[PDB]
Amino acid sequence: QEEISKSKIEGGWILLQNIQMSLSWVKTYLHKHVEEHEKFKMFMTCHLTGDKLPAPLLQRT
Amino acid sequence: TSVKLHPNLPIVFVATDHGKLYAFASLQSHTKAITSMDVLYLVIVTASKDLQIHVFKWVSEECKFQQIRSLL
Amino acid sequence: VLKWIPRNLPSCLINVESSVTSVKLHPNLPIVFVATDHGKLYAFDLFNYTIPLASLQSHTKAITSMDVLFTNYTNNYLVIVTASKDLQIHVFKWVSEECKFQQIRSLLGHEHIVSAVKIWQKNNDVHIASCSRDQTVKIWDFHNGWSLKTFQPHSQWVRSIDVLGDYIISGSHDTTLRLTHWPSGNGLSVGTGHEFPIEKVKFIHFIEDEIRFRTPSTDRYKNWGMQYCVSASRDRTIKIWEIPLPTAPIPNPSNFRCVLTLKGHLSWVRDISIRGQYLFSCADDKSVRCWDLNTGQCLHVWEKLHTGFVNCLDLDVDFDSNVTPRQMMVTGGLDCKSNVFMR
Amino acid sequence: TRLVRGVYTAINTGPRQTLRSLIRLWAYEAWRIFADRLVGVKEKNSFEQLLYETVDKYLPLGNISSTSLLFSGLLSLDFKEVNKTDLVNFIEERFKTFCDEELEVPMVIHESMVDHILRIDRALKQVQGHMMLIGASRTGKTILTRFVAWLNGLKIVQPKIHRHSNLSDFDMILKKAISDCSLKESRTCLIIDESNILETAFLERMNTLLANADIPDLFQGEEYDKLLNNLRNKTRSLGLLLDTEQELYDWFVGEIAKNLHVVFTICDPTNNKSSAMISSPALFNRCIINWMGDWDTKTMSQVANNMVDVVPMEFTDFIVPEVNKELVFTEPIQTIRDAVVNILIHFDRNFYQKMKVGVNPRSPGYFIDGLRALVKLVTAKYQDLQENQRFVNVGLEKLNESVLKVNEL
Amino acid sequence: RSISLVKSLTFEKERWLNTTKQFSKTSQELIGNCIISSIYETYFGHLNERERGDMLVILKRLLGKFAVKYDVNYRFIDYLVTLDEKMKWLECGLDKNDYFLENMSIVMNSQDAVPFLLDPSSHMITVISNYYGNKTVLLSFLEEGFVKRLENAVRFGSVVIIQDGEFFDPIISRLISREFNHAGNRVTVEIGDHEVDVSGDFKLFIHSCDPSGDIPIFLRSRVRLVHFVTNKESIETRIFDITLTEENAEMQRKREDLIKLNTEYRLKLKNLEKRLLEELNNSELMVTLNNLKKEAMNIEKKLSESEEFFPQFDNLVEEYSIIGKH
Ligand SMILES: Nc1ncnc2c1ncn2[C@@H]1O[C@H](COP(=O)(O)OP(=O)(O)O)[C@@H](O)[C@H]1O
């Protein structure tokens with residue numbers, strides 16, 4: 001959370017590895033963040049055989 | 001057109017020549033002129049020149065007029 | 001003249017637009033006032049009941065209570081007050097010349113609907129008592145038209161009050177009766193014993209004409225002037241209560257006492273009345289009873305007096321010397337028909 | 001044993017009984033004990049025939065249907081059989097008073113809901129009498145429970161359970177309710193919904209409350225000592241000579257048992273947590289299972305007729321269609337009102353069949369919403385049509401009058 | 001002037017006579033049309049076009065079985081969606097789709113039940129935000145302080161849209177179930193642990209951009225669940241609009257301005273006819289009616305002149321039909 005805020009303010013890439021291990025955080029914080037800098041890109045690495053990621057987050061990326 | 005009164009209430013049911021019905025609740029039951037009306041819950045039957053008779057019941061709880069059925 | 005009992009059948013019927021809530025009698029002229037759930041106020045002659053004398057709609061909601069009074073002075077008209085659910089209390093004037101209703105003023109300040117009002121004369125001054133769902137027992141002067149006292153004596157909302165002298169009592173939704181001194185605004189004793197909200201509570205009055213509950217017991221109670229109270233609730237019971245002697249009265253360390261408990265109604269008891277040794281009460285079982293205070297039993301039962309529920313009834317006040325206790329009885333019902341007993 | 005206790009209660013609180021009245025009362029008790037848990041209509045008919053056979057072969061009498069037996073102590077001072085129309089009128093007046101006093105809700109009274117009111121009142125008048133209402137959503141479970149508890153003078157306690165809530169808040173509200181039942185001797189009707197059981201530990205707490213008459217977890221240590229002191233002070237105020245811990249706690253348990261009724265509201269009994277709630281060991285053996293189910297077509301016809309009879313509906317000709325008796329759910333068709341009600345019932349059944357609800361109970365919310373929308377829409381449309389037609393007619397009359405005046409001049 | 005007044009009202013007299021003739025036919029089919037309208041209102045909020053058509057066929061069969069008359073050319077948009085409401089919805093940002101128009105009319109004519117919006121694209125949030133202007137407020141079930149913000153909004157009277165409908169918070173149940181206690185002229189509702197007042201101008205919307213989520217049975221049985229799912233004709237129209245904007249932006253601007261002017265002129269003509277009827281009913285006046293008739297003739301001539309660009313639009317549609325279908 002702190003690094004996402006810092007990277008949105010001052011710029012910089014960021015990658016979240018294994019987002020399926022924190023599904024509650026993905027369903028609340030990530031949804032409310034992607035729902036609402038220029039050199040800021042965020043990557044998420046999940047698994048095809050894992051749990052179902054939320055649809056509103058998935059279509060926004 | 002026609003003048004009617006309640007049996008034991010201080011209400012006068014006066015019918016206009018344009019088809020409106022007034023109680024002194026207003027409702028234009030008849031589009032054309034109304035010939036005559038009769039009284040008899042209280043059942044009021046209105047006849048007009050449009051070959052259609054509408055029977056209305058006067059509800060005294062809310063002082064409104066409700067239609068039960070009509071004869072054509 | 002006091003032991004009158006109404007006949008088996010009614011003499012005549014009064015037709016009202018909707019359900020009747022309160023009915024009052026003029027002490028002098030044989031004319032009856034009928035309330036209406038639609039908000040209208042009626043006035044029917046006891047002899048010519050085909051058409052009302054006067055009818056007006058001063059309120060926009062249901063009228064809850066009314067009571068009349070013939071004003072007297074030591075130096076003279078009829079004052080009628082109307083309580084309704086429209087947040088306002090309307091005071092009317094009944095002129096006896098042309099027999100029409102004349103609105104005097106409106107009293108505002110209640111935070112919810114008002115359900116009971118009381119009017120009495122003392123030292124050539126007329127006061128209007130009131131109790132509402134705002135849990136406040138308020139009083140408004142008839143001439144000044146300004147509030148005098150206001151207090152919150154019940155946890156729940158008050159439903160009916162009655163005034164004897166400078167003392168007031170009140171029954172509310174929490175099944176308690178509170179006797180509070182009006183000039184000081186403090187409670188004197190509490191009430192417990194009911195399991196359903198009070199519909200009507202009124203003081204019993206001493207008479208000199210032998211009724212058990214209308215005679216004082218000791219000299220201290222004779223000086224106080226009040227000893228018992230009658231309360232009717234939704235428990236299908238009528239209970240005669242007892243007031244302990246208080247020490248600006250100071251409450252003695254504070255509980256009432258049920259001297260006698262009546263029963264026999266098949267539904268909620270709505271309104272009660274007193275005339276001599278007989279107690280007249282109506283209920284939602286479309287029936288009216290008649291209880292003796294000396295025996296506690298019911299002599300006569302008026303089965304199926306109204307098609308629907310029976311809301312209100314009253315008799316002529318016999319404790320007051322200024323009002324002649326005529327044998328006039330009139331009841332109000334939910335079936336849009338008022339019933340009056342003649343001779 | 002429940003049947004025997006019910007028969008004793010009805011005889012004790014009843015008038016002078018005859019043999020026919022005794023048989024009818026026993027049949028009513030049999031209906032309330034053995035046949036409130038039945039789901040299908042054919043099982044209800046089978047139970048009715050079983051009662052007929054048993055009565056005819058052991059006690060050699062009117063109709064013994066579920067609705068034809070209306071026993072209630074509301075209309076009198078004693079538990080006796082009452083008529084249908086006067087009971088409906090009394091319930092109408094008291095529900096009008098209830099809507100005036102507590103909350104306004106536009107509900108329309110039919111015979112099946114009168115029967116449900118009677119059985120809920122019978123179950124709430126008992127000692128250790130708990131209910132468990134099962135039926136589709138918007139059938140009227142919680143509002144009927146609140147109305148019946150208001151009739152009996154009970155105090156409604158509905159737990160304010162929402163998301164981000166744990167066992168602490170549920171234990172706090174349960175302890176507060178128990179304190180009101182015992183220390184303040186106020187009668188309480190605690191209504192627990194299916195959605196108020198967020199976790200299975202809530203169900204365990206309810207199970208402990210129902211099996212015993214208290215939760216041993218809610219009074220442990222310092223709070224146990226506080227409960228001891230408070231109830232000792234209450235007993236001193238009441239005026240009973242209790243000093244030992246055992247007798248005082250038995251008084252506590254007896255007061256809770258006398259002054260606490262729990263009513264369960266369940267929408268879909270197929271869900272996992274609802275199935276666990278139904279199949280709970282001491283919820284089954286203590287509660288009175290009352291399966292309301294979905295609305296049968298007679299109830300829908302009655303409520304539809306009672307909500308469309310007030311609108312101006314019949315204004316034109318109508319030919320009576322030649323349709324089968326199985327396709328007519330109302331009375332035989334005489335006006336367009338019965339045809340409208342039958343059309344709405346048919347569309348509700350066909351829509352719920354097409355959506356493949358399966359055996360899940362059918363919510364009558366769509367039926368009521370469509371009825372209210374149709375009433376308001378036909379009122380507005382009729383008003384607009386008659387106003388427009390009057391305007392066009394007077395305009396044409398004015399034009400013709402002007403033309404005639406110009407021709408005369 | 002009276003002679004010209006009589007002569008100019010020949011078309012008005014003919015239209016009035018035709019409407020008087022068809023009044024009996026429209027009154028015969030009023031009940032069936034109202035029944036189908038209520039069925040649309042309370043049943044087909046959560047159905048796609050195929051299911052809507054199939055259940056409409058079933059409803060028409062069941063309506064004709066009991067021999068009650070209904071309009072054979074009935075249409076929901078022409079019966080419930082008025083021209084002023086349609087203009088407001090299209091100006092606020094609603095799509096040109098008939099499905100979206102039907103769902104819009106379903107949502108904004110539900111004055112009793114709380115409308116539940118299921119819009120994956122999150123377009124109705126900004127459509128309703130444009131509809132109510134600056135008095136709207138956006139809340140969510142997933143944010144802290146939601147309870148006090150909703151209480152303040154109910155006290156003030158603002159229009160509230162609650163996002164994330166699949167995370168329903170059950171202390172607004174009395175707001176959902178419309179179980180209010182009337183206190184004289186004031187209406188109060190108990191939310192949470194303390195009652196709040198209702199201003200009477202407060203409207204509630206629930207939005208959820210997650211299809212196949214989780215709606216509780218208490219919430220599901222008491223809301224007008226309305227599904228905003230994109231369909232074939234919406235895709236075709238959006239593809240055509242995008243390719244025409246990127247191909248000839250000036251022509252696309254001209255066509256949309258022409259469409260807006262044409263519908264504004266039609267609304268003005270309808271309002272002018274209504275004003276003429278009202279003025280003639282409330283019967284100087286001849287000069288005013290002559291001016292109104294001159295304005296109506298000007299509007300009709302404007303439409304006749306503006307109807308000369310339709311073949312180009314039709315040719316472009318026929319050209320890009322293959323791109324749309326692909
Ligand atoms: N007999 C009835 N007549 C009319 N409406 C009813 C009736 N019974 C239930 N309702 C509807 O159901 C709603 C209340 O149902 P409720 O008791 O909340 O259902 P549940 O207990 O499943 O939540 C009311 O809004 C009312 O419109």
# chains A, B, ... in the order shown; residues from 1 in each chain; ligands from 1
>>> interface_residues(of="chain C", to="chain E", cutoff="12 Å", atoms="only C-alpha atoms", output="ChimeraX atom specification")
/C:60-62,84-88,110-114,132-134
>>> interface_residues(of="chain D", to="chain E", cutoff="6 Å", atoms="only C-alpha atoms", output="MDAnalysis selection string")
chainID D and resid 103 162:163 321 370 373:374 378 395
>>> residues_around(residues="residue 44 in chain B", least_positions_apart="3", cutoff="10 Å", atoms="only C-alpha atoms", output="ChimeraX atom specification")
/B:4,13,37-41,54-58,65,67-68
>>> write_last_selection(atoms="N, CA and C atoms", output="mmCIF file, in the first residue's frame")
data_model
loop_
_atom_site.group_PDB
_atom_site.id
_atom_site.type_symbol
_atom_site.label_atom_id
_atom_site.label_comp_id
_atom_site.auth_asym_id
_atom_site.auth_seq_id
_atom_site.Cartn_x
_atom_site.Cartn_y
_atom_site.Cartn_z
ATOM 1 N N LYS B 4 -78.415 15.304 -6.679
ATOM 2 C CA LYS B 4 -78.634 14.183 -5.778
ATOM 3 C C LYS B 4 -78.100 14.529 -4.396
ATOM 4 N N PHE B 13 -74.635 15.995 -4.101
ATOM 5 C CA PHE B 13 -74.018 15.442 -5.306
ATOM 6 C C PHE B 13 -74.604 16.175 -6.509
ATOM 7 N N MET B 37 -78.746 11.230 -12.875
ATOM 8 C CA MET B 37 -78.029 10.368 -11.949
ATOM 9 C C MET B 37 -78.958 9.963 -10.815
ATOM 10 N N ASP B 38 -78.658 8.820 -10.204
ATOM 11 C CA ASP B 38 -79.459 8.284 -9.116
ATOM 12 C C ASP B 38 -78.536 7.783 -8.014
ATOM 13 N N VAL B 39 -79.093 7.671 -6.808
ATOM 14 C CA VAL B 39 -78.351 7.218 -5.641
ATOM 15 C C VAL B 39 -79.078 6.032 -5.022
ATOM 16 N N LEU B 40 -78.325 5.233 -4.274
ATOM 17 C CA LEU B 40 -78.878 4.059 -3.609
ATOM 18 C C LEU B 40 -78.136 3.764 -2.311
ATOM 19 N N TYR B 41 -72.414 0.267 1.321
ATOM 20 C CA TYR B 41 -71.857 1.459 0.694
ATOM 21 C C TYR B 41 -72.883 2.132 -0.209
ATOM 22 N N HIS B 54 -71.773 4.608 -16.045
ATOM 23 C CA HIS B 54 -70.732 4.288 -15.079
ATOM 24 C C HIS B 54 -71.298 4.391 -13.670
ATOM 25 N N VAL B 55 -71.103 3.342 -12.878
ATOM 26 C CA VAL B 55 -71.573 3.293 -11.499
ATOM 27 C C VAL B 55 -70.388 3.574 -10.587
ATOM 28 N N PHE B 56 -70.530 4.573 -9.722
ATOM 29 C CA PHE B 56 -69.469 4.989 -8.815
ATOM 30 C C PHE B 56 -69.949 4.880 -7.375
ATOM 31 N N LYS B 57 -69.037 4.500 -6.485
ATOM 32 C CA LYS B 57 -69.320 4.379 -5.061
ATOM 33 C C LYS B 57 -68.549 5.453 -4.308
ATOM 34 N N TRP B 58 -69.253 6.206 -3.468
ATOM 35 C CA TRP B 58 -68.660 7.318 -2.733
ATOM 36 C C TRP B 58 -68.092 6.798 -1.417
ATOM 37 N N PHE B 65 -64.131 9.311 -4.748
ATOM 38 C CA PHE B 65 -65.113 8.570 -5.529
ATOM 39 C C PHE B 65 -64.411 7.433 -6.256
ATOM 40 N N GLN B 67 -65.010 3.840 -8.723
ATOM 41 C CA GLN B 67 -65.910 3.186 -9.663
ATOM 42 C C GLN B 67 -65.916 1.686 -9.404
ATOM 43 N N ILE B 68 -67.110 1.123 -9.234
ATOM 44 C CA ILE B 68 -67.257 -0.306 -8.983
ATOM 45 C C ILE B 68 -67.313 -1.042 -10.313
#
>>> residues_near_ligand(ligand="ligand 1", cutoff="9 Å", atoms="only C-alpha atoms and all ligand atoms", output="NGL selection string")
(:D and (105-110 or 112-113 or 133-146 or 193 or 265-267 or 299 or 303-304 or 307 or 363-365 or 368-369)) or (:E and (177-179 or 217-218 or 221-222))
>>> write_last_selection(atoms="C-alpha atoms", output="mmCIF file, in the first residue's frame")
data_model
loop_
_atom_site.group_PDB
_atom_site.id
_atom_site.type_symbol
_atom_site.label_atom_id
_atom_site.label_comp_id
_atom_site.auth_asym_id
_atom_site.auth_seq_id
_atom_site.Cartn_x
_atom_site.Cartn_y
_atom_site.Cartn_z
ATOM 1 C CA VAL D 105 -46.863 -1.012 6.022
ATOM 2 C CA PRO D 106 -49.561 -1.598 3.349
ATOM 3 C CA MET D 107 -50.539 -5.188 4.113
ATOM 4 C CA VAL D 108 -53.750 -6.916 3.041
ATOM 5 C CA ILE D 109 -55.329 -9.607 5.200
ATOM 6 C CA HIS D 110 -56.476 -12.985 3.859
ATOM 7 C CA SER D 112 -54.203 -18.072 5.354
ATOM 8 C CA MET D 113 -52.455 -15.202 7.116
ATOM 9 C CA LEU D 133 -40.902 -19.799 10.532
ATOM 10 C CA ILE D 134 -39.942 -21.235 7.142
ATOM 11 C CA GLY D 135 -41.164 -19.765 3.877
ATOM 12 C CA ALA D 136 -40.277 -17.692 0.863
ATOM 13 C CA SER D 137 -39.140 -14.088 1.137
ATOM 14 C CA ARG D 138 -41.757 -11.330 1.547
ATOM 15 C CA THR D 139 -44.355 -13.873 2.686
ATOM 16 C CA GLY D 140 -44.731 -11.752 5.817
ATOM 17 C CA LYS D 141 -42.839 -13.636 8.516
ATOM 18 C CA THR D 142 -41.188 -10.920 10.607
ATOM 19 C CA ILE D 143 -44.070 -8.444 10.295
ATOM 20 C CA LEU D 144 -46.546 -11.093 11.475
ATOM 21 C CA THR D 145 -44.238 -12.001 14.356
ATOM 22 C CA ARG D 146 -43.968 -8.335 15.354
ATOM 23 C CA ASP D 193 -33.246 -14.175 10.904
ATOM 24 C CA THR D 265 -37.139 -16.472 10.264
ATOM 25 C CA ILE D 266 -35.817 -18.628 7.415
ATOM 26 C CA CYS D 267 -36.109 -17.780 3.714
ATOM 27 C CA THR D 299 -54.059 -16.619 -1.332
ATOM 28 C CA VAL D 303 -54.862 -10.544 -2.141
ATOM 29 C CA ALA D 304 -54.942 -9.555 -5.826
ATOM 30 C CA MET D 307 -55.902 -4.801 -3.961
ATOM 31 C CA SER D 363 -41.143 -15.344 -3.482
ATOM 32 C CA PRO D 364 -44.462 -13.502 -3.954
ATOM 33 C CA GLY D 365 -42.631 -10.176 -4.054
ATOM 34 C CA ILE D 368 -47.235 -7.727 -5.107
ATOM 35 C CA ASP D 369 -44.895 -5.334 -6.926
ATOM 36 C CA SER E 177 -37.650 -2.139 2.951
ATOM 37 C CA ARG E 178 -39.214 1.370 3.171
ATOM 38 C CA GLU E 179 -40.363 0.699 6.752
ATOM 39 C CA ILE E 217 -32.236 -12.895 -0.516
ATOM 40 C CA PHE E 218 -33.495 -10.015 1.637
ATOM 41 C CA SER E 221 -36.493 -9.864 -3.090
ATOM 42 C CA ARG E 222 -36.906 -6.112 -2.460
#
>>> closest_atom_pairs(of="chain E", to="chain A", cutoff="7 Å", atoms="only C-alpha atoms", output="Markdown table")
| residue | atom | partner | partner_atom | distance |
| --- | --- | --- | --- | --- |
| E:142 | CA | A:28 | CA | 6.9 |
| E:209 | CA | A:56 | CA | 6.5 |
| E:210 | CA | A:56 | CA | 6.1 |
>>> write_last_selection(atoms="N, CA and C atoms", output="PDB file, in the first residue's frame")
ATOM      1  N   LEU E 142     -17.718  -0.556   0.908  1.00  0.00           N
ATOM      2  CA  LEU E 142     -16.374  -0.994   1.253  1.00  0.00           C
ATOM      3  C   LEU E 142     -15.530   0.091   1.907  1.00  0.00           C
ATOM      4  N   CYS E 209     -20.925  -3.453 -10.347  1.00  0.00           N
ATOM      5  CA  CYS E 209     -20.340  -3.749 -11.646  1.00  0.00           C
ATOM      6  C   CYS E 209     -19.834  -5.181 -11.751  1.00  0.00           C
ATOM      7  N   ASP E 210     -20.290  -6.071 -10.874  1.00  0.00           N
ATOM      8  CA  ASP E 210     -19.822  -7.456 -10.841  1.00  0.00           C
ATOM      9  C   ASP E 210     -20.966  -8.395 -11.193  1.00  0.00           C
TER      10      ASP E 210
END
>>> residues_around(residues="range 86-103 of chain E", least_positions_apart="6", cutoff="7 Å", atoms="only C-alpha atoms", output="JSON, numbers by chain")
{"E": [45, 76, 77, 127, 130, 131, 226, 228, 234]}
>>> write_last_selection(atoms="C-alpha atoms", output="tab-separated table (two decimals), in the first residue's frame")
chain	number	residue	atom	x	y	z
E	45	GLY	CA	-35.50	-5.80	-15.30
E	76	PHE	CA	-42.72	0.09	-24.00
E	77	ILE	CA	-40.73	3.16	-25.07
E	127	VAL	CA	-25.33	8.91	-16.32
E	130	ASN	CA	-25.24	13.88	-14.79
E	131	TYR	CA	-29.00	13.44	-14.32
E	226	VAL	CA	-31.85	-4.02	-13.57
E	228	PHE	CA	-27.21	-3.19	-18.16
E	234	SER	CA	-25.16	-1.38	-29.26
>>> residues_around(residues="range 147-158 of chain D", least_positions_apart="4", cutoff="8 Å", atoms="only C-alpha atoms", output="PyMOL selection string")
(chain C and resi 195-196) or (chain D and resi 95+98+117+120-121+124-125+143+177+186-192)
>>> select_by_dssp(residues="chain B", states="strand (DSSP E or B)", output="PyMOL selection string")
chain B and resi 3-5+12-15+21-23+26-27+34-39+43-48+53-59+64-71
>>> write_last_selection(atoms="C-alpha atoms", output="CSV table (one decimal), in the first residue's frame")
chain,number,residue,atom,x,y,z
B,3,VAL,CA,-79.0,16.9,-8.4
B,4,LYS,CA,-78.6,14.2,-5.8
B,5,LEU,CA,-78.3,14.1,-2.0
B,12,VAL,CA,-74.8,17.3,-2.1
B,13,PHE,CA,-74.0,15.4,-5.3
B,14,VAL,CA,-74.3,18.0,-8.1
B,15,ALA,CA,-73.6,16.9,-11.7
B,21,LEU,CA,-69.3,15.1,-11.2
B,22,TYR,CA,-68.9,17.2,-8.1
B,23,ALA,CA,-69.6,16.6,-4.4
B,26,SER,CA,-64.5,16.0,-8.3
B,27,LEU,CA,-64.2,13.5,-11.2
B,34,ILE,CA,-74.8,13.5,-18.4
B,35,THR,CA,-78.6,13.1,-18.6
B,36,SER,CA,-79.5,12.1,-15.0
B,37,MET,CA,-78.0,10.4,-11.9
B,38,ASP,CA,-79.5,8.3,-9.1
B,39,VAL,CA,-78.4,7.2,-5.6
B,43,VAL,CA,-74.0,3.3,-5.0
B,44,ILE,CA,-74.3,6.2,-7.5
B,45,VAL,CA,-75.2,5.5,-11.1
B,46,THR,CA,-74.5,8.1,-13.8
B,47,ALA,CA,-75.9,8.0,-17.3
B,48,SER,CA,-74.7,10.1,-20.3
B,53,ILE,CA,-73.4,4.2,-17.8
B,54,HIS,CA,-70.7,4.3,-15.1
B,55,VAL,CA,-71.6,3.3,-11.5
B,56,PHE,CA,-69.5,5.0,-8.8
B,57,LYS,CA,-69.3,4.4,-5.1
B,58,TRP,CA,-68.7,7.3,-2.7
B,59,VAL,CA,-66.1,6.3,-0.1
B,64,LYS,CA,-63.0,10.2,-2.8
B,65,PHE,CA,-65.1,8.6,-5.5
B,66,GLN,CA,-64.4,5.0,-6.7
B,67,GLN,CA,-65.9,3.2,-9.7
B,68,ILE,CA,-67.3,-0.3,-9.0
B,69,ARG,CA,-68.5,-1.3,-12.4
B,70,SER,CA,-69.9,0.1,-15.6
B,71,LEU,CA,-72.8,-0.9,-17.9
>>> closest_atom_pairs(of="chain C", to="chain B", cutoff="8 Å", atoms="only C-alpha atoms", output="Markdown table")
| residue | atom | partner | partner_atom | distance |
| --- | --- | --- | --- | --- |
| C:15 | CA | B:8 | CA | 6.1 |
| C:16 | CA | B:9 | CA | 6.9 |
| C:17 | CA | B:60 | CA | 5.6 |
| C:18 | CA | B:61 | CA | 5.5 |
| C:38 | CA | B:61 | CA | 6.7 |
| C:50 | CA | B:8 | CA | 6.8 |
| C:51 | CA | B:10 | CA | 6.6 |
| C:52 | CA | B:10 | CA | 7.4 |
>>> write_last_selection(atoms="N, CA and C atoms", output="PDB file, in the first residue's frame")
ATOM      1  N   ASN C  15     -75.697   9.798  12.170  1.00  0.00           N
ATOM      2  CA  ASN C  15     -74.894   9.345  11.043  1.00  0.00           C
ATOM      3  C   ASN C  15     -73.742  10.315  10.809  1.00  0.00           C
ATOM      4  N   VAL C  16     -72.521   9.783  10.789  1.00  0.00           N
ATOM      5  CA  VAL C  16     -71.303  10.563  10.615  1.00  0.00           C
ATOM      6  C   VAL C  16     -70.568  10.012   9.397  1.00  0.00           C
ATOM      7  N   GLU C  17     -69.747  10.863   8.769  1.00  0.00           N
ATOM      8  CA  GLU C  17     -69.057  10.479   7.540  1.00  0.00           C
ATOM      9  C   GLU C  17     -68.091   9.320   7.765  1.00  0.00           C
ATOM     10  N   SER C  18     -67.335   9.347   8.859  1.00  0.00           N
ATOM     11  CA  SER C  18     -66.390   8.276   9.158  1.00  0.00           C
ATOM     12  C   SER C  18     -66.462   7.980  10.653  1.00  0.00           C
ATOM     13  N   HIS C  38     -62.090  11.910   9.924  1.00  0.00           N
ATOM     14  CA  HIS C  38     -61.705  12.700   8.763  1.00  0.00           C
ATOM     15  C   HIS C  38     -61.236  14.097   9.157  1.00  0.00           C
ATOM     16  N   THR C  50     -81.763  15.068  11.753  1.00  0.00           N
ATOM     17  CA  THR C  50     -81.700  14.829  10.314  1.00  0.00           C
ATOM     18  C   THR C  50     -80.502  15.531   9.683  1.00  0.00           C
ATOM     19  N   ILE C  51     -80.224  16.762  10.097  1.00  0.00           N
ATOM     20  CA  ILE C  51     -79.119  17.533   9.533  1.00  0.00           C
ATOM     21  C   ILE C  51     -78.311  18.162  10.662  1.00  0.00           C
ATOM     22  N   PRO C  52     -76.989  18.259  10.529  1.00  0.00           N
ATOM     23  CA  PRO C  52     -76.193  18.930  11.561  1.00  0.00           C
ATOM     24  C   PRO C  52     -76.458  20.426  11.591  1.00  0.00           C
TER      25      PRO C  52
END
>>> residues_around(residues="range 96-109 of chain C", least_positions_apart="5", cutoff="12 Å", atoms="only C-alpha atoms", output="ChimeraX atom specification")
/C:26,28-31,33,40-45,52-59,70,76-91,114,117,128-132,134,136-147,150
